[PDB]
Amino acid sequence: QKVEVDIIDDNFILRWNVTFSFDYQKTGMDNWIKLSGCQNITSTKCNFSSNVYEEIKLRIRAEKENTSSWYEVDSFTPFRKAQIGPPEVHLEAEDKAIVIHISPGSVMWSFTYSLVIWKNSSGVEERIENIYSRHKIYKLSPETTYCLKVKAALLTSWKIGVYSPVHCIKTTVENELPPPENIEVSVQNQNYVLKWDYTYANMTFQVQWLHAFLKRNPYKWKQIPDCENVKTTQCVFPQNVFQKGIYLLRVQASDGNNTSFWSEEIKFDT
């Protein structure tokens, strides 16, 4: 019989009427030191928050009513062994898009995220890489249940993380007003010209902008005043309303009563 130990975030996890007690020592040491709060537990997990680049060994004392055995584990460095735990995920849905809110699931530990998504009916998985912690997936079908799981990563330290539990959400009934489409910027004179397509006539629109870098690991979208409630599928505004830089633009439609969901966010490099 022998034991190994895995680490997820701040927990030692044992892999093989019994209780467990954990000791450790720094490698090249005589005696064993008890890990506080990890003595006579039923759980195979020991939370050790309270120096992860130092080499250590563990000793696990497996006890019963009248007998016990003490197993040592090979030397390890906790950081090198650690696995990143499953992130916490919350989903929200529109008719044709899903928004994924992600946050870490702390002593051991910036994270890069990835996900896997599939339609419940089909099970065909699409993998999306390098997503951020409020990612939006477009081009989905209304009243359709999608399922997904998310993992964290630390590409610098070559760690690939554990997937969150699966979460599913059903997209809502189709919005009668679809989002504006095909958004494009061009320049005329000292102005920018924002153009888009729309499926219905006699609509009004609004355009909002955001500094693009603000999207990472999160800010208020702001109106472009000239574009506010425009009655056609374009607006013209002075170049000098934006400093040089990288922005995001989005457009929403209205019939005076209801609004579409937002168009996709488009990159705007001045």
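Counting begins at 1, following the sequence as shown.
The stretch of deposited sequence separating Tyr163 from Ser164 contains no residues lacking coordinates in this entry. Missing coordinates between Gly105 and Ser106 amount to 1 to 3 residues of the deposited sequence. Comparing 21 to 29 with 252 to 260, the higher mean C-alpha B-factor in the PDB entry belongs to 21 to 29.
The PDB entry reports B-factors from which the mean C-alpha value can be compared for 79 to 87 and 117 to 125; the larger average falls on 117 to 125. Between the residues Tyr138, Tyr71, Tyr198, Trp109, the entry's highest C-alpha temperature factor is the one at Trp109. The residue among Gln234, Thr204, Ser36, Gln208 whose C-alpha atom has the highest B-factor in the PDB entry is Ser36. Among the modelled residues of its chain, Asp95 has a C-alpha B-factor that falls in the lowest third according to the deposited record. The deposited CA B-factor of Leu58 belongs to the lowest third of values across its chain.
Sorting the modelled residues of the chain by their CA temperature factor places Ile41 in the highest third. Annotation for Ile224: CA B-factor lies in the middle third of the chain's modelled residues. When all modelled residues of the chain are sorted by CA temperature factor, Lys159 is found within the highest third.
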